[PDB]
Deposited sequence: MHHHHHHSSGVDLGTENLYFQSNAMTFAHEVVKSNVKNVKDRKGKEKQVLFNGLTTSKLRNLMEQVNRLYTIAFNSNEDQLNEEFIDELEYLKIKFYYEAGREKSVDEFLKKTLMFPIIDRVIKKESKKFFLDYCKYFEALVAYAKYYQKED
């Protein structure tokens, strides 16, 4: 078989981003201003998760997640660096996973992953 290990979200964000500096461009011309609309969408959801007492995610929140997937695919259609970024980050199967588990802790973990993705993208830029 093979031999794989336990990497938290921060470590793997750093790895994906720094492994997508090629010869210098980031994910083929990504910048952070291209992710702004997305960042805001994530932020507006983060706070509403933070205020939720229980871990069981409200159903309107799931609709919001569906719309988040939709805004993702929009930006991926708009800008090719966003398309590469979203594929190589596994953004979509992770959004799916969050939607299935419907837990608050898990979505906040996803938010940390997204936040570190953007930070590291920022640290490596033109």
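Note to self: If a residue lacks a C-alpha atom here, it counts as unmodelled; so which stretches of the deposited sequence fall into that category?
What the structure shows: Going by the record, the segments left unmodelled (no C-alpha atoms) fall at 1 to 15, 39 to 47, 151 to 152.
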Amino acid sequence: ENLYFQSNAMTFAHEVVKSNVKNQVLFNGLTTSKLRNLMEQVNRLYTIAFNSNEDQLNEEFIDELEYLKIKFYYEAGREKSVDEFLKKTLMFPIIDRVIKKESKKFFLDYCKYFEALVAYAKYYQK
From here on, numbers count along this sequence of modelled residues.
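Notebook entry, point to check: Between 48 to 56 and 90 to 98, which has the larger average Cα B-factor in the PDB entry?
Noted result: It is 48 to 56 that shows the higher mean C-alpha B-factor.
Checklist line | 60 to 68 versus 78 to 86 - greater average Cα B-factor per the deposited record | finding: Of 60 to 68 and 78 to 86, the stretch with the higher C-alpha B-factor average is 60 to 68.
Notebook entry, point to check: Going by the entry, which third of its chain does the Cα temperature factor of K104 land in?
Noted result: It falls in the top third of the chain.
Notebook entry, point to check: Lowest, middle or highest third: where is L117 by Cα B-factor in its chain?
Noted result: For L117, the deposited C-alpha B-factor lands in the lowest third.
Notebook entry, point to check: Where does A9 sit by CA temperature factor within its chain: lowest, middle or highest third?
Noted result: Middle third - that is where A9 ends up once the chain's C-alpha B-factors are sorted.
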